[PDB]
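There is one chain below, alone, in structure tokens, taken in the form deposited in one PDB entry.
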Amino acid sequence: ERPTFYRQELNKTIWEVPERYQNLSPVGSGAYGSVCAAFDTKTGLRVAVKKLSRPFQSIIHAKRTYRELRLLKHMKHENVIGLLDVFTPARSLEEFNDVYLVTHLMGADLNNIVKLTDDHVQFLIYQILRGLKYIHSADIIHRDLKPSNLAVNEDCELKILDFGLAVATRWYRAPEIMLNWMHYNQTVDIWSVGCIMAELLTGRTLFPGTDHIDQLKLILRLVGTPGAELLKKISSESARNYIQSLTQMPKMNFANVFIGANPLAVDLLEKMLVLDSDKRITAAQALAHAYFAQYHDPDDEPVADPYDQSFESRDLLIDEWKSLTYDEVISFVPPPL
């Protein structure tokens, strides 16, 4: 049956949680909720508890809430955030208005952790890529990988987050996103990883654009203007004509850009940071790159179970998304101790 709950007020709102969770302490807030650190008396683990804000205020919010819970319920991988628990104080669908998500407490994000040694870069990028192999295998694309969406502990264990605690986002974004391309490759994320890896190696933001146009300018300086091969695939006439009006520039030699870096790191960067998304290295191919030779184990880089995202194309009523979310809360099975 239902545990007993207790109420208290934190970050200008009421938190009602199971007694099992003790010593709540705010850690931060993001765009869709706020997070407290707590002690889970059942496991002796330190956990992060996220309370969603206004989860069912509109159709938009209600579907978002559902998307988040479905996503977090599916992730079962060491380098991806997963769900220890999900709960609501509501005893029925009728009173259901609040959702709390529980995961392992992590020490810091990669913002906060950044000068790294080459071995640390290796292990951190390895883990990112291992997590990405898993997410991508389910046909999920992150789309906003950046250092504040990557949580890390003092032993350098790393997890990909859906949303961190809120460094421009545009700095890590694939150029196709900024050109508002219709559809996206799973290697929009690889671009991001390339930007992150570069920054870990050099201690400097690779492409610190002031806006999307400045961003592309900085990108094209490094990687050069598109070639005839890439122009063949651009359906937008305005994009083509503009791209072809640019003063052409050749790709820079990355060994000179990343002076002193492990040449294996440099070689990997050159495979990530290609403008043509079809030519970027995949997360699965990257894991086998020699740069990760001390960590790569092909028998321990698993794929995910298929994930059904058909709900994304449905237009439902605010109470229907709420009821579907309530069902997900009710059917949650905790992971083993």
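Quick note: we count residues from 1 along the sequence shown, nothing fancier. Throughout, rigid core stands for the largest set of C-alpha atoms superposing within 1.5 Å between the two forms.
S.K.: Is it true that at least a third of the other compared entries have no coordinates for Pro208?
M.R.: No, modelled in all of them.
S.K.: Among the other entries of this protein that were compared (only those with both neighbours built), does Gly164 lack coordinates in at least a third?
M.R.: Yes, left without coordinates in at least a third.
S.K.: Would you class the number of unmodelled deposited residues between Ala166 and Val167 as none, 1 to 3, 4 to 9, or 10 or more?
M.R.: In the record, 10 or more residues between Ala166 and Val167 lack coordinates.
S.K.: Can you count, per the entry, how many deposited residues between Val114 and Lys115 come without coordinates? Answer none, 1 to 3, 4 to 9, or 10 or more.
M.R.: Missing in between: 1 to 3 residues.
S.K.: Going by the mean C-alpha B-factor recorded in the entry, which is higher: 47 to 55 or 22 to 30?
M.R.: Comparing 47 to 55 with 22 to 30, the higher average CA B-factor belongs to 22 to 30.
S.K.: Taking the mean of the C-alpha B-factors per stretch from the entry, tell me the winner out of 296 to 304 and 63 to 71.
M.R.: The recorded data point to 296 to 304.
S.K.: What's the residue among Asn180, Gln122, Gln186, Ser137 with the greatest CA temperature factor in the PDB record?
M.R.: Out of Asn180, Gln122, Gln186, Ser137, the record gives the largest C-alpha B-factor to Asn180.
S.K.: Considering only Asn241, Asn79, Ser192, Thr103, which residue's Cα atom bears the greatest B-factor as recorded?
M.R.: Answer, based on the entry's C-alpha B-factors: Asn241.
S.K.: For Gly131, does the deposited CA B-factor place it in the lowest, middle or highest third of the chain?
M.R.: Answer is lowest: the recorded C-alpha B-factor places it there.
S.K.: Could you look up the Cα B-factor of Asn153 in the entry and say which third of the chain it sits in: lowest, middle or highest?
M.R.: As the PDB entry reports it, the C-alpha B-factor of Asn153 lands in the middle third of its chain.
S.K.: Sorting the chain's CA B-factors, does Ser236 end up in the lowest, middle or highest third?
M.R.: CA B-factor rank for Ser236: highest third.
S.K.: Quick check on the deposited entry: does the C-alpha B-factor of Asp98 sit in the lowest, middle or highest third of its chain?
M.R.: Middle third of the chain for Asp98's C-alpha B-factor.
S.K.: Place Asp118 in the lowest, middle or highest third of its chain's C-alpha B-factors, as listed in the PDB entry.
M.R.: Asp118: CA B-factor falls in the highest third of its chain.
Beyond what is shown, the protein has a form deposited in another entry; the following relates to that form.
S.K.: Given a superposition on the rigid core, I'd like a yes or no on whether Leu264 shifts its C-alpha by 2 Å or more between this form and the one not shown.
M.R.: No, because once the rigid core is superposed, the C-alpha of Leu264 moves less than 2 Å between this form and the one not shown.
S.K.: With a threshold of 2 Å on the C-alpha, tell me if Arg240 counts as moved between this form and the one not shown once the core is superposed.
M.R.: Yes, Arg240 moves 2 Å or more.
S.K.: Taking the rigid core as the frame, does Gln309 move its C-alpha by 2 Å or more between this form and the one not shown?
M.R.: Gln309 C-alpha, core-superposed: shift of 2 Å or more.
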